[PDB]
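Enquirer: Here you go, this is structure-v3.txt (compact mmCIF, C-alpha atoms and all ligand atoms).
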```
# COMPACT_ATOMS: atom_id res chain seq x y z
CA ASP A 23 0.00 0.00 0.00
CA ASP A 24 2.81 2.46 0.77
CA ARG A 25 4.05 1.94 -2.78
CA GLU A 26 0.53 2.05 -4.18
CA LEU A 27 0.09 5.45 -2.45
CA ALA A 28 3.39 6.54 -3.88
CA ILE A 29 2.23 5.75 -7.36
CA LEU A 30 -1.05 7.65 -6.79
CA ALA A 31 0.74 10.73 -5.34
CA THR A 32 3.16 10.74 -8.22
CA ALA A 33 0.33 10.53 -10.73
CA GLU A 34 -1.52 13.39 -9.02
CA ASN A 35 1.63 15.54 -8.92
CA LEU A 36 2.45 14.90 -12.57
CA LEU A 37 -1.11 15.53 -13.75
CA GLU A 38 -0.65 19.04 -12.37
CA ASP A 39 1.91 19.68 -15.14
CA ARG A 40 0.94 17.45 -18.11
CA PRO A 41 -2.03 15.49 -19.45
CA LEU A 42 -2.15 11.67 -19.04
CA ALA A 43 -1.05 11.29 -22.64
CA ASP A 44 2.29 12.98 -21.77
CA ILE A 45 2.84 10.77 -18.72
CA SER A 46 4.23 7.26 -19.18
CA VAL A 47 4.32 4.22 -16.93
CA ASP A 48 8.05 4.89 -16.62
CA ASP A 49 7.45 8.40 -15.21
CA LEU A 50 5.10 6.91 -12.62
CA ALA A 51 7.45 4.13 -11.54
CA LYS A 52 10.32 6.60 -11.39
CA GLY A 53 8.43 9.01 -9.07
CA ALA A 54 7.21 6.16 -6.82
CA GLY A 55 10.77 4.73 -6.47
CA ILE A 56 9.90 1.40 -8.10
CA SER A 57 10.63 -0.43 -11.29
CA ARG A 58 8.33 -0.67 -14.29
CA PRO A 59 7.38 -4.34 -13.79
CA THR A 60 6.72 -3.57 -10.09
CA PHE A 61 4.31 -0.77 -11.22
CA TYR A 62 2.36 -3.39 -13.25
CA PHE A 63 1.91 -5.39 -10.12
CA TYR A 64 -0.13 -2.58 -8.51
CA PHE A 65 -1.91 -1.22 -11.57
CA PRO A 66 -2.50 -2.68 -15.02
CA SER A 67 -2.07 0.69 -16.79
CA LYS A 68 -1.76 4.46 -16.36
CA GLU A 69 -5.51 4.61 -17.03
CA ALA A 70 -6.15 2.47 -13.99
CA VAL A 71 -4.08 4.87 -11.94
CA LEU A 72 -6.38 7.76 -13.04
CA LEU A 73 -9.45 5.69 -12.40
CA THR A 74 -8.34 5.07 -8.85
CA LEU A 75 -7.52 8.71 -8.26
CA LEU A 76 -10.88 9.74 -9.64
CA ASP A 77 -12.73 7.13 -7.60
CA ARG A 78 -11.17 8.50 -4.41
CA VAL A 79 -12.13 12.09 -5.26
CA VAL A 80 -15.74 11.21 -6.26
CA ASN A 81 -16.22 9.16 -3.08
CA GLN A 82 -14.85 11.90 -0.94
CA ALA A 83 -17.42 14.31 -2.34
CA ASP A 84 -20.17 11.70 -2.04
CA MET A 85 -19.28 10.99 1.61
CA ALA A 86 -19.23 14.75 2.30
CA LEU A 87 -22.71 15.15 0.84
CA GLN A 88 -23.93 12.16 2.94
CA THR A 89 -22.46 13.94 6.02
CA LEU A 90 -24.29 17.11 5.24
CA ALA A 91 -27.56 15.24 4.60
CA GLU A 92 -27.23 13.69 8.08
CA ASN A 93 -26.21 16.94 9.84
CA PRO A 94 -28.35 19.68 8.22
CA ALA A 95 -27.15 23.26 8.82
CA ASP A 96 -29.53 25.35 10.96
CA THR A 97 -29.82 27.95 8.25
CA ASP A 98 -32.08 29.38 5.53
CA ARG A 99 -32.89 27.60 2.27
CA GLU A 100 -30.34 29.65 0.26
CA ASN A 101 -27.49 28.63 2.61
CA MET A 102 -28.77 25.02 2.55
CA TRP A 103 -28.13 24.81 -1.23
CA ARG A 104 -24.92 26.81 -1.01
CA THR A 105 -23.52 24.34 1.59
CA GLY A 106 -24.28 21.46 -0.75
CA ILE A 107 -22.85 22.96 -3.91
CA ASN A 108 -19.82 24.00 -1.82
CA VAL A 109 -19.03 20.27 -1.19
CA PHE A 110 -18.29 19.94 -4.89
CA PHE A 111 -16.55 23.23 -5.26
CA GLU A 112 -14.14 22.45 -2.38
CA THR A 113 -13.67 18.74 -3.08
CA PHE A 114 -13.04 18.93 -6.77
CA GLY A 115 -11.37 22.31 -6.38
CA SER A 116 -8.82 20.64 -4.09
CA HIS A 117 -8.01 18.06 -6.80
CA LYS A 118 -8.26 20.01 -10.03
CA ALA A 119 -5.73 18.01 -12.01
CA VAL A 120 -7.48 14.73 -11.24
CA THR A 121 -10.83 16.33 -11.91
CA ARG A 122 -9.82 17.72 -15.29
CA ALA A 123 -8.07 14.52 -16.46
CA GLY A 124 -10.94 12.40 -15.16
CA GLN A 125 -13.30 14.46 -17.29
CA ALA A 126 -11.04 14.25 -20.36
CA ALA A 127 -10.84 10.42 -19.95
CA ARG A 128 -14.63 10.13 -20.08
CA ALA A 129 -14.28 10.30 -23.88
CA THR A 130 -11.77 7.46 -24.05
CA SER A 131 -12.58 5.27 -21.06
CA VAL A 132 -15.63 3.14 -20.45
CA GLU A 133 -15.07 2.69 -16.72
CA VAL A 134 -14.36 6.39 -16.17
CA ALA A 135 -17.59 7.26 -18.02
CA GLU A 136 -19.49 4.76 -15.87
CA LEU A 137 -18.05 6.07 -12.64
CA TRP A 138 -19.10 9.62 -13.50
CA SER A 139 -22.50 8.40 -14.65
CA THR A 140 -23.19 6.46 -11.47
CA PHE A 141 -22.39 9.28 -9.17
CA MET A 142 -24.15 11.91 -11.29
CA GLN A 143 -27.31 9.77 -11.19
CA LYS A 144 -27.04 9.57 -7.46
CA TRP A 145 -26.54 13.29 -6.89
CA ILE A 146 -29.33 14.13 -9.35
CA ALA A 147 -31.69 11.75 -7.49
CA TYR A 148 -30.83 13.36 -4.20
CA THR A 149 -31.35 16.88 -5.59
CA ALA A 150 -34.71 15.82 -7.01
CA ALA A 151 -35.74 14.36 -3.61
CA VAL A 152 -34.92 17.61 -1.82
CA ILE A 153 -36.87 19.60 -4.39
CA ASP A 154 -39.82 17.25 -3.95
CA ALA A 155 -39.59 17.64 -0.15
CA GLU A 156 -39.54 21.40 -0.59
CA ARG A 157 -42.63 21.19 -2.80
CA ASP A 158 -44.47 18.91 -0.35
CA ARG A 159 -43.85 21.40 2.45
CA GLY A 160 -45.16 24.24 0.27
CA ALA A 161 -41.83 26.14 0.09
CA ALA A 162 -41.31 25.56 -3.66
CA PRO A 163 -43.84 25.67 -6.49
CA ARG A 164 -44.72 22.71 -8.74
CA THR A 165 -43.18 23.99 -11.92
CA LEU A 166 -40.95 21.62 -13.91
CA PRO A 167 -40.63 17.91 -13.23
CA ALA A 168 -38.22 17.77 -10.31
CA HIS A 169 -35.88 15.20 -11.80
CA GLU A 170 -35.51 17.12 -15.09
CA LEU A 171 -34.90 20.40 -13.22
CA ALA A 172 -32.33 18.53 -11.03
CA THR A 173 -30.61 17.09 -14.07
CA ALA A 174 -30.10 20.47 -15.75
CA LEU A 175 -28.89 22.17 -12.61
CA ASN A 176 -26.40 19.40 -11.84
CA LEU A 177 -25.09 19.45 -15.44
CA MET A 178 -24.73 23.21 -15.19
CA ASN A 179 -22.61 22.84 -12.11
CA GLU A 180 -20.43 20.13 -13.68
CA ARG A 181 -19.72 22.25 -16.76
CA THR A 182 -19.33 25.53 -14.92
CA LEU A 183 -17.06 24.16 -12.16
CA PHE A 184 -14.85 22.39 -14.76
CA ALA A 185 -14.58 25.52 -16.88
CA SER A 186 -13.75 27.68 -13.81
CA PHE A 187 -11.13 25.33 -12.49
CA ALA A 188 -9.50 25.01 -15.91
CA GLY A 189 -9.63 28.78 -16.44
CA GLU A 190 -11.29 28.17 -19.82
CA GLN A 191 -12.43 31.09 -21.91
CA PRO A 192 -15.27 31.57 -21.32
CA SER A 193 -15.68 30.89 -17.60
CA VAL A 194 -17.01 32.29 -14.36
CA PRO A 195 -14.11 33.35 -12.15
CA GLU A 196 -13.44 30.86 -9.43
CA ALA A 197 -14.19 33.46 -6.70
CA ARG A 198 -17.67 34.09 -8.22
CA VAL A 199 -18.81 30.57 -9.19
CA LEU A 200 -20.44 29.57 -5.96
CA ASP A 201 -22.57 32.72 -5.80
CA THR A 202 -23.49 32.37 -9.48
CA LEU A 203 -24.61 28.74 -9.21
CA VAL A 204 -26.52 29.24 -5.97
CA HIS A 205 -28.49 32.13 -7.50
CA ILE A 206 -29.56 30.02 -10.45
CA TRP A 207 -30.44 27.00 -8.20
CA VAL A 208 -32.49 29.07 -5.84
CA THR A 209 -34.38 31.11 -8.41
CA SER A 210 -35.22 28.16 -10.56
CA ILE A 211 -36.21 25.89 -7.63
CA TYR A 212 -38.29 28.48 -5.83
CA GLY A 213 -39.38 30.76 -8.66
CA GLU A 214 -43.03 30.55 -9.75
CA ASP B 23 -15.79 22.39 -54.58
CA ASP B 24 -18.06 19.53 -55.68
CA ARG B 25 -15.38 17.13 -54.46
CA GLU B 26 -14.76 19.17 -51.33
CA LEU B 27 -18.52 18.90 -50.57
CA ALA B 28 -18.32 15.20 -51.22
CA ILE B 29 -15.59 14.82 -48.68
CA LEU B 30 -17.58 16.85 -46.11
CA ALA B 31 -20.81 14.84 -46.71
CA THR B 32 -18.90 11.61 -46.40
CA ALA B 33 -17.31 12.74 -43.15
CA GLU B 34 -20.70 13.79 -41.73
CA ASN B 35 -22.28 10.47 -42.77
CA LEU B 36 -19.47 8.41 -41.28
CA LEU B 37 -19.40 10.37 -38.03
CA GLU B 38 -22.98 9.19 -37.55
CA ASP B 39 -21.62 5.64 -37.10
CA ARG B 40 -18.08 5.94 -35.67
CA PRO B 41 -15.86 8.46 -33.88
CA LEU B 42 -13.14 10.35 -35.84
CA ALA B 43 -10.55 7.97 -34.44
CA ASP B 44 -12.25 5.06 -36.29
CA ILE B 45 -12.40 6.97 -39.57
CA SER B 46 -9.30 7.15 -41.78
CA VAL B 47 -8.33 9.39 -44.67
CA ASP B 48 -8.87 6.34 -46.88
CA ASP B 49 -12.52 6.00 -45.76
CA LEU B 50 -13.08 9.66 -46.61
CA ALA B 51 -11.47 9.49 -50.05
CA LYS B 52 -13.36 6.28 -50.78
CA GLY B 53 -16.77 7.83 -49.94
CA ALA B 54 -16.01 11.02 -51.93
CA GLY B 55 -14.95 9.00 -55.02
CA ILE B 56 -11.37 10.31 -55.01
CA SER B 57 -7.92 9.03 -54.31
CA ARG B 58 -5.97 9.53 -51.10
CA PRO B 59 -3.47 12.04 -52.52
CA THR B 60 -6.40 13.95 -54.08
CA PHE B 61 -7.99 14.14 -50.57
CA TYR B 62 -4.78 15.81 -49.30
CA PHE B 63 -5.19 18.45 -51.91
CA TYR B 64 -8.48 19.62 -50.35
CA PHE B 65 -7.72 19.01 -46.68
CA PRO B 66 -4.45 18.48 -44.82
CA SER B 67 -5.97 15.92 -42.41
CA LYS B 68 -9.16 14.30 -41.12
CA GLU B 69 -9.04 16.85 -38.29
CA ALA B 70 -9.29 19.66 -40.80
CA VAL B 71 -12.35 18.00 -42.27
CA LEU B 72 -14.02 18.07 -38.80
CA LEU B 73 -12.95 21.63 -38.26
CA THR B 74 -14.63 22.67 -41.47
CA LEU B 75 -17.80 20.78 -40.66
CA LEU B 76 -17.90 22.34 -37.21
CA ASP B 77 -17.22 25.81 -38.56
CA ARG B 78 -20.21 25.51 -40.90
CA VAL B 79 -22.53 24.36 -38.09
CA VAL B 80 -21.39 27.08 -35.63
CA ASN B 81 -21.79 29.79 -38.28
CA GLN B 82 -25.20 28.56 -39.21
CA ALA B 83 -26.34 28.92 -35.60
CA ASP B 84 -24.61 32.29 -35.29
CA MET B 85 -26.29 33.59 -38.47
CA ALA B 86 -29.65 32.30 -37.19
CA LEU B 87 -29.22 34.17 -33.92
CA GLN B 88 -28.25 37.34 -35.87
CA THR B 89 -31.49 36.89 -37.90
CA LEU B 90 -33.56 36.63 -34.79
CA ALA B 91 -31.86 39.66 -33.22
CA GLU B 92 -32.81 41.68 -36.33
CA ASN B 93 -36.39 40.33 -36.57
CA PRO B 94 -37.62 40.11 -32.95
CA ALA B 95 -40.74 37.95 -32.41
CA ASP B 96 -43.81 39.92 -31.30
CA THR B 97 -44.16 37.81 -28.21
CA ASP B 98 -43.69 37.71 -24.43
CA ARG B 99 -40.31 37.57 -22.69
CA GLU B 100 -40.54 33.79 -22.07
CA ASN B 101 -41.07 33.09 -25.79
CA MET B 102 -38.27 35.57 -26.64
CA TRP B 103 -35.73 33.40 -24.75
CA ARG B 104 -37.28 30.16 -25.96
CA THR B 105 -36.90 31.30 -29.62
CA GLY B 106 -33.22 32.01 -29.01
CA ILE B 107 -32.36 28.81 -27.21
CA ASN B 108 -34.33 26.98 -29.94
CA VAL B 109 -31.78 28.21 -32.56
CA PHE B 110 -29.18 26.06 -30.85
CA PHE B 111 -31.43 23.15 -30.17
CA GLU B 112 -32.51 22.93 -33.85
CA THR B 113 -29.15 23.79 -35.42
CA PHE B 114 -26.97 21.51 -33.41
CA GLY B 115 -29.77 18.97 -33.12
CA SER B 116 -29.77 18.74 -36.93
CA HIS B 117 -26.03 17.93 -36.93
CA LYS B 118 -25.56 15.81 -33.83
CA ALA B 119 -22.64 13.75 -35.09
CA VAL B 120 -20.64 16.85 -36.01
CA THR B 121 -21.63 18.49 -32.76
CA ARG B 122 -20.56 15.55 -30.61
CA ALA B 123 -17.25 14.97 -32.45
CA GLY B 124 -16.54 18.70 -32.47
CA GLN B 125 -16.93 18.69 -28.69
CA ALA B 126 -14.75 15.59 -28.27
CA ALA B 127 -12.01 17.23 -30.43
CA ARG B 128 -11.88 20.25 -28.12
CA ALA B 129 -9.62 18.14 -25.88
CA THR B 130 -7.19 17.28 -28.65
CA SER B 131 -7.38 20.22 -31.04
CA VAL B 132 -6.23 23.78 -30.52
CA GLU B 133 -8.18 25.26 -33.42
CA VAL B 134 -11.38 23.42 -32.50
CA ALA B 135 -11.06 24.72 -28.91
CA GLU B 136 -10.54 28.24 -30.24
CA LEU B 137 -13.51 28.07 -32.56
CA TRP B 138 -15.80 27.01 -29.71
CA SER B 139 -14.29 29.64 -27.44
CA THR B 140 -14.79 32.46 -29.91
CA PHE B 141 -18.38 31.73 -30.54
CA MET B 142 -19.20 31.01 -26.89
CA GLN B 143 -17.74 34.42 -25.99
CA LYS B 144 -19.90 36.03 -28.59
CA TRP B 145 -23.13 34.35 -27.53
CA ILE B 146 -22.38 35.03 -23.86
CA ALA B 147 -21.80 38.73 -24.66
CA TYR B 148 -25.06 38.91 -26.52
CA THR B 149 -26.97 37.21 -23.68
CA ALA B 150 -25.42 39.62 -21.19
CA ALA B 151 -26.45 42.61 -23.37
CA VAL B 152 -30.06 41.44 -23.50
CA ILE B 153 -30.10 40.93 -19.74
CA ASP B 154 -28.68 44.42 -19.27
CA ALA B 155 -31.35 45.84 -21.62
CA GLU B 156 -34.00 44.03 -19.63
CA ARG B 157 -32.61 45.51 -16.41
CA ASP B 158 -32.44 49.04 -17.86
CA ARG B 159 -36.10 48.80 -18.86
CA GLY B 160 -37.02 47.63 -15.35
CA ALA B 161 -38.23 44.15 -16.43
CA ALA B 162 -35.42 42.24 -14.66
CA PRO B 163 -33.87 42.85 -11.25
CA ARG B 164 -30.20 43.74 -10.66
CA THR B 165 -29.13 40.52 -9.03
CA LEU B 166 -25.95 38.85 -10.26
CA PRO B 167 -23.46 40.47 -12.61
CA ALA B 168 -25.05 40.01 -16.03
CA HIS B 169 -22.00 38.56 -17.73
CA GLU B 170 -21.43 35.94 -15.01
CA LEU B 171 -25.14 34.96 -15.04
CA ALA B 172 -24.92 34.75 -18.88
CA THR B 173 -21.81 32.60 -18.71
CA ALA B 174 -23.39 30.00 -16.41
CA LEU B 175 -26.61 29.82 -18.35
CA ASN B 176 -24.81 29.39 -21.67
CA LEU B 177 -22.54 26.66 -20.20
CA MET B 178 -25.62 24.93 -18.83
CA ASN B 179 -27.15 24.87 -22.27
CA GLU B 180 -23.95 23.56 -23.90
CA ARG B 181 -23.65 20.69 -21.42
CA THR B 182 -27.34 19.87 -21.29
CA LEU B 183 -27.88 19.96 -25.08
CA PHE B 184 -24.78 17.76 -25.64
CA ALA B 185 -25.88 15.26 -23.03
CA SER B 186 -29.44 15.13 -24.47
CA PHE B 187 -28.31 14.68 -28.03
CA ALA B 188 -25.85 11.96 -27.03
CA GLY B 189 -28.47 10.24 -24.87
CA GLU B 190 -25.97 10.21 -21.99
CA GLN B 191 -27.00 8.91 -18.61
CA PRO B 192 -27.87 11.20 -16.98
CA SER B 193 -29.68 13.53 -19.39
CA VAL B 194 -32.86 15.49 -19.95
CA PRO B 195 -34.92 13.81 -22.65
CA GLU B 196 -34.64 15.59 -25.94
CA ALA B 197 -38.41 16.36 -25.98
CA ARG B 198 -38.12 18.11 -22.56
CA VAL B 199 -34.82 20.01 -22.88
CA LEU B 200 -36.12 23.21 -24.36
CA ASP B 201 -38.79 23.63 -21.67
CA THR B 202 -36.27 22.78 -18.94
CA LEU B 203 -33.65 25.31 -20.10
CA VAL B 204 -36.16 28.09 -20.72
CA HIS B 205 -37.55 27.70 -17.18
CA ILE B 206 -34.11 28.05 -15.64
CA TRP B 207 -33.20 31.05 -17.91
CA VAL B 208 -36.38 32.88 -17.16
CA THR B 209 -36.47 32.31 -13.41
CA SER B 210 -32.86 33.20 -12.91
CA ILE B 211 -32.96 36.28 -15.19
CA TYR B 212 -36.20 37.66 -13.82
CA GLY B 213 -36.27 36.24 -10.30
CA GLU B 214 -35.61 38.67 -7.44
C1 LIG C 1 -17.27 18.82 -10.51
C2 LIG C 1 -18.37 17.76 -10.32
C3 LIG C 1 -19.12 17.03 -11.46
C4 LIG C 1 -19.65 18.30 -10.84
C5 LIG C 1 -20.81 18.34 -9.93
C6 LIG C 1 -21.78 17.42 -9.77
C7 LIG C 1 -22.70 17.88 -8.89
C8 LIG C 1 -22.33 19.12 -8.51
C9 LIG C 1 -22.97 20.12 -7.54
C10 LIG C 1 -24.40 19.77 -7.26
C11 LIG C 1 -24.76 18.67 -6.25
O1 LIG C 1 -24.57 17.50 -6.61
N1 LIG C 1 -25.65 18.96 -5.23
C12 LIG C 1 -25.88 20.29 -4.75
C13 LIG C 1 -26.19 20.30 -3.31
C14 LIG C 1 -27.51 19.62 -3.05
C15 LIG C 1 -27.79 19.45 -1.51
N2 LIG C 1 -28.97 19.89 -1.09
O2 LIG C 1 -26.99 18.95 -0.72
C16 LIG C 1 -27.56 18.32 -3.83
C17 LIG C 1 -26.23 17.90 -4.39
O3 LIG C 1 -21.05 19.40 -9.25
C1 LIG C 2 -24.75 23.12 -28.47
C2 LIG C 2 -24.10 24.51 -28.39
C3 LIG C 2 -22.85 24.87 -27.54
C4 LIG C 2 -24.25 25.04 -27.02
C5 LIG C 2 -24.91 26.35 -26.84
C6 LIG C 2 -24.33 27.57 -26.77
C7 LIG C 2 -25.28 28.51 -26.54
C8 LIG C 2 -26.47 27.87 -26.43
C9 LIG C 2 -27.89 28.40 -26.18
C10 LIG C 2 -27.86 29.80 -25.62
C11 LIG C 2 -27.64 31.00 -26.55
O1 LIG C 2 -26.50 31.18 -26.98
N1 LIG C 2 -28.55 32.05 -26.50
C12 LIG C 2 -29.89 31.90 -26.04
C13 LIG C 2 -30.82 32.81 -26.75
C14 LIG C 2 -30.51 34.24 -26.41
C15 LIG C 2 -31.35 35.25 -27.27
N2 LIG C 2 -32.01 36.18 -26.60
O2 LIG C 2 -31.41 35.20 -28.51
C16 LIG C 2 -29.01 34.46 -26.48
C17 LIG C 2 -28.27 33.34 -27.16
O3 LIG C 2 -26.17 26.41 -26.63
```
Give the structure from this file in structure tokens form.

Expert:
Amino acid sequence: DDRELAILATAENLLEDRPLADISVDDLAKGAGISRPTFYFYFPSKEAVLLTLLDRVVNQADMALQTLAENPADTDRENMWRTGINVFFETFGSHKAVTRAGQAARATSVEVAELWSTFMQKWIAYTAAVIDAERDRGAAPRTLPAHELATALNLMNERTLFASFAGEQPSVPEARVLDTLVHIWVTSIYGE
Amino acid sequence: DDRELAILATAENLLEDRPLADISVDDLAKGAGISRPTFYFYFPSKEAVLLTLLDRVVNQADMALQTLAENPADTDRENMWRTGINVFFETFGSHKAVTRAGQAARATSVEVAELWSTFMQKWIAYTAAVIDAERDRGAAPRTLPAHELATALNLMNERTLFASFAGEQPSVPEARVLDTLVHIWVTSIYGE
């Protein structure tokens, strides 16, 4: 495990400077202080190394959202949504290189695409359930189907966070993204 | 030009069945009824063929939005936004294979990334100007900075349209996407 961790830390550090294309199995072995065949004992490929890194990041966010769901903030509905979106902003924003490369690999990799898909379905379902609960309590109006509204809003966040972290043009500055997403969540969830 | 058009039509037809990776210069020449070296006279690579296809699609949408801007519908503010979003839905939705592959190539191709960036900046700027005009006339409240609000909403549409057209999981069904986006535009633009 200590050497497995080494390989993962090396991959994360290198992904800060280059894409996964420009990183070889030899670069990973070298940084982890192991040989090439020893690398292949822990991981079958550099793609599997990414997949593991991405799995850790996605579970960290998922576990943080579970924690929030169990310990609701004693706060207004705007800060409720802000606290939830902030899980993603801080989690992925603390692992931008992994996040970016994990998104790029969605195009090439079946398991990476499936990992993203699974967790997106889960977070969408949760969002939809909160919206439904808000509607049942009379705080939000019955406008769009909750699960479609949840899907769009979650996709917005994915795209917008990714663009901000990558400093794409165009993008919302990183110091304005949370406010910008929360406004659009709150107005569209509560707006008649 | 007739042979250039042939190559483009062949590329568009093939991209319906495979990604650009699985299409070779030989497949393109073959479908256009030309030789391989004759192909290289018209285009330097299969990437340039995509780039041309994508440029045509993006300009078609841009010209449609210009047309709308010059001939405003005599309609309420909700149908105003719907008519604009619908330009993208119908334009890109009529060229899904090109649209999808053009998005995939953003990761690999500098010119493709720049083409998308240019036009996104333009459509964001336009959106922001309409929002500002709506605020000046007192129809919309001064909430978020207009250009940040415009950026998020345009990124939402990009991601959501792409997912819908690709039938990703998760996605908004294609027959519900326009309604879903328009709701979120209108509530967030006009919602206090
Ligand atoms: C960067 C990573 C893919 C993108 C992403 C997915 C989901 C999000 C933010 C939205 C999110 O999932 N929420 C928002 C917070 C909400 C809550 N009440 O706790 C429900 C869960 O960002
Ligand atoms: C599929 C293609 C990238 C994604 C995209 C970009 C922009 C959009 C839809 C939003 C758009 O640009 N609008 C929405 C309509 C609006 C108007 N008042 O005319 C301003 C322009 O979708």

Enquirer: Considering all atoms listed in the file, extract the chain A residues located within 8 Å of chain B and return them as a ChimeraX atom specification.

Expert: /A:126,129,139,142-143,166,170-171,173-175,177-179,181-182,191-194,198,202-203,205-206,209-210,213-214

Enquirer: Return the padded bounding box of ligand LIG 1 (chain C) as lines of an AutoDock Vina configuration file: axis-aligned, built from all atoms listed in the file, 4 Å added on each side, with centre and edge lengths in Å to one decimal.

Expert:
```
center_x = -23.1
center_y = 18.7
center_z = -6.1
size_x = 19.7
size_y = 11.3
size_z = 18.7
```

Enquirer: Could you tell me how far atom CA of residue B:156 sits from atom CA of residue A:98, in Å to one decimal place?

Expert: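 These atoms are spaced 29.2 Å apart.
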
Enquirer: Excluding residue B:25 and its own-chain neighbours fewer than 6 positions away, which residues fall within 10 Å of it when counting all atoms listed in the file? Please give them as a PyMOL selection string.

Expert: chain B and resi 31+51+54-56+60-61+64

Enquirer: Find the residues near residue B:73: any atom within 9 Å, counting all atoms listed in the file, skip ones fewer than 3 places away on the same chain, and give them as an NGL selection string.

Expert: :B and (68-70 or 76-78 or 124 or 133-134 or 137)

Enquirer: Could you jot down the atom CA of residue B:189 to atom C14 of ligand LIG 1 (chain C) separation for me, Å, one decimal place?

Expert: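 These atoms are spaced 23.8 Å apart.
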
Enquirer: Interatomic distance between atom CA of residue B:38 and atom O2 of ligand LIG 2 (chain C)?

Expert: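 So the two atoms, atom CA of residue B:38 and atom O2 of ligand LIG 2 (chain C), lie 28.8 Å apart.
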
Enquirer: Just the residues within 8 Å of stretch 32-36 of chain A, please, counting all atoms listed in the file, with nothing from its chain fewer than 6 positions along; format it as number ranges by chain.

Expert: A: 45, 50, 53-54, 71-72, 75, 119-120

Enquirer: Using all atoms listed in the file, which of A:30, A:48, A:97, A:150 sits nearest ligand LIG 1 (chain C)?

Expert: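 Among A:30, A:48, A:97, A:150, it is A:150 that comes nearest to ligand LIG 1 (chain C).
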
Enquirer: Using all atoms listed in the file, list the residues that have an atom at most 8 Å from (-23.5, 19.6, 1.0), coordinates as in the file, as a list in words.

Expert: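 I get residues 86, 87, 88, 89, 90, 91, 102, 103, 104, 105, 106, 107, 108, 109 and 110 of chain A for the residues within 8 Å of that point.
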